[PDB]
Amino acid sequence: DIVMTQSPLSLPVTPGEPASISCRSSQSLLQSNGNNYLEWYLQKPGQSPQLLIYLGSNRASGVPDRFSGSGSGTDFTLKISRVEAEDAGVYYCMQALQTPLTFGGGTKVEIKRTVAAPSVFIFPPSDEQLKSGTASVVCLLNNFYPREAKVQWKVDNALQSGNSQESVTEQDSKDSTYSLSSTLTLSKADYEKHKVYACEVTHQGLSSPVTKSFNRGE
Amino acid sequence: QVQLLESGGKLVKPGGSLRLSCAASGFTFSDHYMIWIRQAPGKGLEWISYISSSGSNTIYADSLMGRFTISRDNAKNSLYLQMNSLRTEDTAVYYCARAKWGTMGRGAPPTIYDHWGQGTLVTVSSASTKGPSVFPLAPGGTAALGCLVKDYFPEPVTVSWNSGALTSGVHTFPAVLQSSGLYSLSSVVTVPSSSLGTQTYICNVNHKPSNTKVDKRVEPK
Ligand SMILES: [N+]
Ligand SMILES: [N+]
């Protein structure tokens, strides 16, 4: 089969600047008629792929004017002349010369923006959940950048480990920020053996760690 | 409005069978090759098969070992994929796509996949369907509130706020699989602190696999 390799893997870029994603094919996609059978696609989070460029350089109908395709033979480039916040996503190249159709590994465009500290919120377990026999404690880190952030739980000033699950949203297509949830789940009996539940957050935009806590549950 | 709409994806057990459908509209269905592409969770795009306008040429990825059969009904403007002897690695979102140009010949594939459907999720697993339990995350500046959608299987769940009228500031986190074999996630929203107690907030959770729709009121403690 034909092997498609893309470069870079991750491409951080600020809006207004250009971005170039490279696609390399193990076999020449140029035919004797002078055409290259290489296609580019965009997949935003949770959406179907969308055709951007076909036959190497032809922009598909409806694609924004800032997308262009270049190259020939074994090397091609998707060029975004002026990146915008909504360009965050994954871009794939696909060879259309031979069967089976093969795709590149994909390139994720990250939108660089100014540092933004997280807004931290803590939610105690609801009475309805406690009546079911368990207690989930949720700590929210909202709209921050860069993506890197750390969360440390404390139960009566006892550091917690390996009992918390994290989830991170994809980069917001508008403000280019991230959000993170950290969920500490315990049984009602265990939850009722301790009083103070705290969530400590560290982030680049924070001059010092921020903490949020609450009482009750004992 | 060239529209492709997949259907049929659902939970299915290993070794079972499943038929996917793809309804086309807005163009001459009989003029185009049709494609099937899938995307397993956390992976890229994988081509599965394509079929010629009249269904004479049916090609598949070798790795499938002939377990899939692509068919076509030009009268009903419908594309099909019969998936047999399903395996765990078959779990993926399956897209159908139209090819603008047919094959040039000599085994070359059709080109220009200009329109893709929304995709239909197939989950190959032996675990049973289980609906979610929805709990509130109860909360001048800005306040935060949300809903805990816990213990459901399989994916997905859709979460709205105020029946879709509240979208600003909403963050519905990706689901996380727990040791129980079930998924859980939280959906949060930031709102004016002065709105707490005055503007009511409701999260509408929908879990199509279990036919579960739950509206939960999020009031301050
Ligand atoms: N089926
Ligand atoms: N599971």
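Centroid-to-centroid, using Cα positions, region A:57-126 and region B:115-167 are 26 Å apart.
For residue A:217, no residue has an amide H sitting under 5 Å from its own, ignoring neighbours fewer than 5 places away on the same chain, with H placed 1.01 Å from N. Ranked for footprinting exposure by Cβ neighbours inside 10 Å, fewest first, B:28, B:123 give B:28, B:123. Near residue A:177, the amide H atoms lying under 5 Å from its own belong to A:172; only residues 5 or more places off or on other chains count, and H is placed 1.01 Å from N. A crude spin-label estimate for the pair residue A:173 and residue A:202, with each label 7 Å from Cα along the Cβ direction, gives 3.5 nm. Of the trypsin sites (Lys or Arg not before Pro) in region B:41-92, the ones in a loop by DSSP (not H, G, I, E or B) with at most 15 other beta carbons within 10 Å are B:43, B:67, B:76, B:87. Placing pseudo-labels 7 Å out from each Cα toward the beta carbon at residue A:128 and residue A:28 gives an inter-label distance of 6.6 nm. The mean number of Cβ atoms from other chains found within 10 Å of a Cβ in peptide A:40-50 is 4, as a whole number. Length gained on full extension, residue B:76 to residue B:89, computed as 0.36 nm times the residue gap minus the Cα-Cα distance: 1.6 nm.
Counting only other chain Cβ atoms within 10 Å of each residue's Cβ, the peptide B:106-116 averages 6.
Peptide B:146-153 has a mean of 3 when you count, residue by residue, the C-beta atoms of other protein chains within 10 Å of its C-beta. Modelled label positions at residue B:17 and residue B:3, each set 7 Å beyond Cα in the direction of Cβ, lie 3.1 nm from each other.
FYI the Cβ positions are ideal-geometry reconstructions off the backbone, even for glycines, and counts take in every protein chain you see. Readers should treat all values here as calculations from the given coordinates under stated rules, not as data from a laboratory.
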